[PDB]
Structure formats: C-alpha cells, structure tokens
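Undergrad: no letters, just coordinates:
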Ligand SMILES: Cc1cc2nc3c(=O)[nH]c(=O)nc-3n(C[C@H](O)[C@H](O)[C@H](O)COP(=O)(O)O)c2cc1C
Ligand SMILES: Cc1cc2nc3c(=O)[nH]c(=O)nc-3n(C[C@H](O)[C@H](O)[C@H](O)COP(=O)(O)O)c2cc1C
C-alpha cells in the first residue's frame, strides 16, 4: 500500500562518516558532531524534507589494517572518534516530532536484556519512533575491548545473532501479555501479575530470567534494520528485517538482488512486501548540469585517497599502497539537476528500490541541498510523501499496518508463549 | 568554598519510586512516568528551584522475596516496571540548561567500555552536566537477567568495583592525553595520534585494549555519586565519590557519620572538602503548621504498608508476615512551614550535611511544593543558591575548582600514564 519512496539518512556520530578526508572542506561543519546542536540542525532539515528516518551507524573499534601504523585513522578521522548513537537519539527526541530515530547497536557491545530495556524505554519516550539496525560483527579491537582473543568465526556470528533475537523478542513480545497494564488507582492494581512472565531463556550463549522490565511500548519491538550482504547475513535480513540496507552498483544489480530476497523471504515464511530494499546513495545537485558537476569538483578536492585506502584495506584486506571511484562500494553518488536525479532514481525504484539510505559528503550541505532541491521534485512526481502519516515508525513505513509486527514475523511467534 | 546546600532530586524512572502505594493518590501523576512529558515538567520545576541535579535510580531486576508469590510487586508498582535512566537523562538534555542530570548505572548491567563511551557521549551532549551513581549491587533476578546462578559475595562486589573504576578512569583520563584534538583543516590533522593510547588493561574480571573512542569531554570523568553504607562501601565512596548519598536517621547520626568519613577520606588521600554527605529527605509544606499536617494525612492514606514491607524485604532478605516508620530507611521526612523546614535543615547542615537528596511522595507535588515554598526561604537565609554558576556540574558543586578532577582523586593517577 506504499507508492512513495522511504527516505533514510545514513550518518554516524563521528567527524567523518563518508567520503574520507571530507572533514577538511572549509564549507563543512562535521567537526561539530560532538555537540547536540550540530545534529539538531541536521535532524530538523531532514524533517523539513519529510524523511522517514535518520540512522546513526556505530562501532566499538578502530584497527590498523593499513601497514602497521594506526596513524592515519586519527589524522584523517576515519570512524574515530566514535560517539554513542543511542545517547544522541534520546537527545534528539525533543528536537523532532515525526522523524524516525534509528541506530546501530551490535551484539557484543550490549547484553540483550540491557539492550532490550533501553530500546523499549526509548520507544516509549520517542512515541514509537525507534529504529534498530541489528549488527552481528565488529572489528578485532571491538572484541579486544570486551576482552576476547579474536573474532568468533563469520557464520557463528549469525548463530549468535539468532539467539540475541530469540532473547529480545521474548522480552519485547512474550513477557508482558496484552492488557497487563491496568493503572486502576481506586481498585489498587497497577499491573496484572497474571499477565507478566519470566522468560527462563537458557541457550548456548545466553541465560536470562526476565521478566522484561518495561511497560509494553508503542512498537514493542523497534523498527528493524539489518545490513547483511553475505549468505549467512542476507539470510538473517530475510528472516528478521523490515528494511535491509544494501549496496547495489547498477539498477540491474538491484533487480537481481531483489529477486534473490523475494525467494529468501518465501522460505522465511513472509510476504513479498514485508521487507524494503534500501539503497546506499549520495547526491550533489544544481539548477544547471554545470553547477552540480562544478560542486563535485569543489567537494572531491578534500577527498583523501590514502585514507579511503585505509577503510578499504580494513574491509577487503588488500593493502592498496579508477581508485577514486571506491567510495561507490559505500554509496552510489548521483550528480545533476533535480530532474536528472529523480529521472535516475525512477530506474532504481523500478528495479526494486524501496528506499534511499542517504549518506553525506558534507553536512549539513548534502542534507540541506537534497531537501531544498530534490525532495520537492520527488514530491511533485508522487515519489516522496507530502506530509507525515500519524503513528509509529512501523505504521509510517507500512501504511495499512498495525503498530505491532505482523503475524508472519518471528517476533509475533513469541506473543504469549508463557501464558 | 561551597557555602550553599546542594539540591539533588531523588527520583526513579518507575511508577512508584518512594512512598509505596502512593501512585494511587488521585492527586499524583507518577503513573505518567513512561512518557517524556511528565519528566519534562518535573525537570523544569526543579531548575526553577535552582536544583543542582536531578538523579535517576535504576535497578536491572525485580525479585520474588515476599513469601508465596511475586504478585504485590506488579499490583503496587514496587520498583517495577523499571525504565532505563540513561536514555531519559539523554532525552531531558534539550529541556534543561543548567540542571545536572544524574543516573545510577551498575557494574552488572554494562561493560566498562560501553558505559565509559555512553557517559562521555552523554557528557558532550549535556555540556558537562552528567552525574554517575556508581552501583556495585544487584538483586538475585538482575544476576539471573545476565546468566549467573547466584550473587557474587558482598566483599567481591567492591573488589570488582575497584577494577571497573580502574578501567573507566583509564579510558576517560589516560588514553587521550591533553592536546589530542587538533581540528586543523588547513593542516589536515584531526587528532595527534602520539597523544591517543590503548589502555591494555588485563585484570581479574576485565580485559580492554582501547583506546577510548570519544574526544575528551568537559568533565572527562562524569560527576561521581556513590551510596555504599557498609564497611566495604563507605570505604569505596570515601575513595572515589564527590557526593555520597547517605541515610542518616538524626542529626546526631550525621555528626557521627561525617566524623567517620573524614578519617576515611584522610586515609583515602583526600582533603575534607573533596566529598559531600548528601542526605535522603522529603518535605511536606504548608503556610501554617495545620496546613502541612493536613496534607500529610491526605497523602498517607495512600501509603501502602505491605508493599513497603515488600521493598524492605527485597533488600534485607526476610519476607514479612511503628511499622509506618520503616520509610525512615529511605528518606527523612519533615512536615511544617518553610520557617520550620529551614530551621530544621540548619541542624542537619551544622552536623555536616552538605546537600539534600530529595525524594518524592507525590509528583509533581512534592517537588513543586518544595520549589515554590521552601526554596525562597533557603535563598533568604543564604542556604540555597540564588543563581546557577557557569561551567560544569563539577564546577557547580565545587566553586573555583577546575572542570576536571583534582590530583588528590584516583582518576588523576591515570592522566598521562601512557605517553
Ligand atoms: C548501510 C550499512 C550500515 C552498516 N552499519 C554498521 C554499524 O553501524 N556497525 C557495525 O558494526 N557494522 C555495520 N555494517 C556492517 C554490517 O553489519 C554487515 O555486517 C556487513 O555489511 C556485511 O554483512 P555480513 O555479516 O552479511 O557479511 C553496516 C553495513 C551497511 C551496508
Ligand atoms: C540514595 C541511594 C540511591 C541508590 N540508588 C540505587 C540504584 O539506582 N540502583 C541500585 O542498584 N542501587 C542503588 N542504591 C543501593 C546502594 O548500592 C546501597 O547504598 C548499598 O548499601 C551499597 O552499599 P553496600 O554495598 O556497602 O551496602 C542506592 C542507595 C542509596 C542510599
């Protein structure tokens, strides 16, 4: 029932999230990420653009995969410093109203009881606007920061993933049954103890008693993002995610990738339309074609090649010591007019793109310019919403639907198992 | 030279924090705790009173210990449901300007890397206003909420304690040496990497590489609350705290307890000013003495005693089968006129009380009544600040001190130990 694209901002609580070395640009303001105010302006611009969500990536780590000198990662600010996403999201509740506030928490960096209790809390406080990107790995230092030798092997990471989701759904959906809150002052019953349960979860990595500590929140289980490119991962996204964060290079790469997920969803026991493919992207924009080309010139100066190699050389492994196109493994940039950019996005949406996962070259410039110039174009073509729909982030992304996840979704299956 | 009293509100992100059963009062609104708007009004009323801080308690478990079943903890809201204070402190940042925002986190609930990184992040975002009530405790359920058969014994909680603090101080004070941020775009250096170090902490319960992930923050180490009333604990608070939350039953009790701390502090290597004995209390005011006694009748109707017993029992092991003066275990009540409540609070201050730790019987009433009636009287008498002093919460509690902690404080030991 949703004929308009989903817009999602893809930022991270660090000086330079995307287009490495781009913190140098005199016109930039990302060096301000430490303050609440910088981000308020970015949050608000986006809600002037009717963006469905703003998403904060997050790491517990920094590593020297380039050569053997961790130098350039502090010198060019490559995902270091890293500040805590969750904390900032709470800090943005008051300076937004309908904007979805999303974040990565990983599996290693917070116990699912703690992570469950925090999510529920934010979900209450935000008024049902919380997004959760499920992360299952993290780098070496990430492990060595919570005292672990080395990484647990790739696919075990997703095994562990499943139990984490086993635990949180139990807490969010299972522990409190419907009608548990009573709030009857005269009768003297706040919460109905016959409807509030332990989980007594006992598995291979997690034991947890419960009950879950929070009142049921507006969404119960926050709006679920996952970004798994691999087999064990894509599988996981197909199983649990409401929107997967993906990076196809051509629209024909999206068409393949869409078809693939559709099969995976059917095996996972879910509808074609239960999951949005959301594309990593970025934009530069102008009135003429020449203004936008000439913007990219300006912005691409401050693009450091050696620090782009430092983020590639961690991921791929290969220690590279055209090459300038490599930020196309992180977002497909589109330069041009609003008409051009809209024209090109139509190909992607036709290839199966359900949403844009928009990153920034400069902040708040990219974000401003996309809202200022592109959003009205897309709104005119009926591709981007004119106004917010009322209700929870789930209710927004999936128009017909209930504030709670569908009966097809793994979460639903926990609803009153312990009744 | 801090010559006014500290005011700390002592609330908790739950329906009935403090005068058990009191959620039932038709005048009360603590049943609205789940929403940000209730707490926005509580926070703002406190800042209008010039409170130094608002403090959120937090447990990570409810327990069975009241005989047959766990029913009376649901029905009468006995520190259940329980919502995460961290998140709420972050969501009040925008609705407050100078008010200090404090929370209990415990050892058991969060690893000292994550917790360090969340704190420092909250501390940037707040702008130097974060408090940290250190908790080494835990009810049995909270242990079983993280996969542990039973409690570790009392002595060891504080041992584990001192390591956790040994880890967090390493990250907050040790890793990033002064002049670490550079931010020079012309030059192209975000952080001097010679000044950013792994902590390489390998102790009893913990291993952590670091480095810490956040830019050094205004306070660096958040402002430190501690509550340990036992041997191990006082000794712990004497060693690490800036303000200890205590429960002295009588001013004679404070005079003794204050004397004791000053020996513990001297042994702990600290000057006598370096920590504040902040007292648990609760006021009911009126314009005559008959007005305030009349209020105290009206509220105490709704004071449940069996529920009170059930919280006493959670803490002291034994399930029960005057008794209405068991609430002197949690806060000392004063009813009367503002003349009375200032006259009486002088005695406490003269016996060594450096701040009040004010809990609510109703909200927003108890706080509003204290702010509207008592505060003006204390400001007359030079007992309570007229106007917020600029700088951090450290700088607000200790006039003319640095934003950072003193060289007499354990945290300082860690400054520089890696270059
Ligand atoms: C758009 C996007 C955002 C991501 N954000 C994070 C993050 O915030 N934290 C993190 O540890 N990993 C992050 N990742 C890495 C993913 O969790 C994922 O593990 C990776 O893309 C490959 O998944 P796989 O586990 O299927 O190999 C992100 C990936 C993508 C594509
Ligand atoms: C004012 C006050 C607030 C407290 N808040 C919390 C809290 O939020 N969470 C928690 O687990 N324990 C809390 N406690 C429990 C303390 O850990 C308690 O003082 C206990 O006695 C620790 O000292 P001990 O271990 O020496 O007995 C609090 C105690 C006091 C006095």
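TA: The structure has been received and is ready for your questions. Residues are numbered from 1 along each chain as shown, chains lettered A, B, ... in the order given. Ligands and ions are numbered 1, 2, ... in the order given.
Undergrad: would you mind naming what in the stretch 251-400 of chain A lies close to ligand 1?
TA: A:280, A:357 (CB under 6 Å from any ligand atom). Where you see a C-beta, it was placed from the backbone N, CA and C, and this is true even at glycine.
Undergrad: can you list the residues of the stretch 51-200 of chain A near ligand 1?
TA: A:57-59, A:104, A:106, A:133, A:135-138.
Undergrad: which of these fall within strands?
TA: Counting by DSSP state E, those place A:57, A:104, A:106, A:133, A:135 in strands.
Undergrad: as a markdown table, those with neighbour count and distance to residue A:41 would be great.
TA: Listed next are those as a markdown table, based on neighbours: other CB atoms under 10 Å in any protein chain shown; distance: CB to CB, whole Å:
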| residue | neighbour count | distance to residue A:41 |
| --- | --- | --- |
| A:57 | 22 | 19 |
| A:104 | 22 | 22 |
| A:106 | 20 | 28 |
| A:133 | 24 | 23 |
| A:135 | 23 | 27 |
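Undergrad: out of those, what pair is the most spread apart?
TA: Farthest-apart pair in those is A:57 and A:106; separation 10.7 Å (CB to CB).
Undergrad: near chain B, anything from the helix or strand containing residue A:294?
TA: Counting by DSSP states H and E, the element that carries residue A:294 is helix A:289-301. No - Helix A:289-301 is not in contact with chain B by CB under 8 Å from any CB of the partner chain; minimum separation 11.7 Å.
Undergrad: show me what that helix packs onto, helices and strands only.
TA: Here helix A:289-301 touches strand A:276-285, strand A:332-336, going by 3 or more CB pairs under 8 Å, 6 or more residues apart in numbering or on different chains; DSSP states H and E.
Undergrad: about what we covered before: now for the residues of the stretch 51-200 of chain A next to ligand 1: which two are most distant?
TA: A:57 and A:136, at 14.3 Å, using CB to CB across those.
Undergrad: most neighbours per residue, which of the helices and strands packed on helix A:289-301?
TA: Per residue and on average, the most neighbours among the helices and strands packed on helix A:289-301 fall to strand A:276-285, with a mean of 24 (mean count of other CB atoms under 10 Å in any protein chain shown).
Undergrad: what packs against it?
TA: strand A:6-12, strand A:243-246, helix A:251-267, helix A:289-301, strand A:332-336, helix A:338-351, strand A:355-358, helix A:365-369.
Undergrad: about what we covered before: quick one: which of the residues of the stretch 51-200 of chain A next to ligand 1 is nearest residue A:87?
TA: Among those, and counting by CB to CB, the member closest to residue A:87 is residue A:58, at 10.4 Å.
Undergrad: any idea how far the closest residue to ligand 2 within chain A is from chain B?
TA: Relative to ligand 2, the nearest point of chain A is residue A:213 (12.7 Å; CB to the nearest ligand atom). As judged by CB to the nearest CB, to the nearest Å, residue A:213 and chain B stand 4 Å apart.
Undergrad: over to residue A:88?
TA: Applying CB to the nearest CB, the value for residue A:88 to chain B is 6 Å.
Undergrad: name the nearest residue to that residue, sequence neighbours excluded.
TA: In this structure, residue A:88 finds its nearest non-sequential neighbour in residue A:13, 5.6 Å apart by CB to CB, 6 or more residues apart in numbering or on different chains.
Undergrad: so the one you found sits against residue A:84, correct?
TA: Yes - counting by CB atoms under 8 Å, residue A:13 does reach residue A:84; the two are 6.8 Å apart.
Undergrad: next, show the common contact partners of the two.
TA: Listed as contacting both residue A:13 and residue A:84 by CB atoms under 8 Å, 6 or more residues apart in numbering or on different chains are A:58, B:121.
Undergrad: so how far is residue A:6 from residue A:271?
TA: Taking CB to CB, to the nearest Å as the measure, residue A:271 falls 17 Å from residue A:6.
Undergrad: of these two, which one has the most company?
TA: When residue A:271 and residue A:6 are compared for neighbours, residue A:6 comes out ahead with 23 against 12, by other CB atoms under 10 Å in any protein chain shown.
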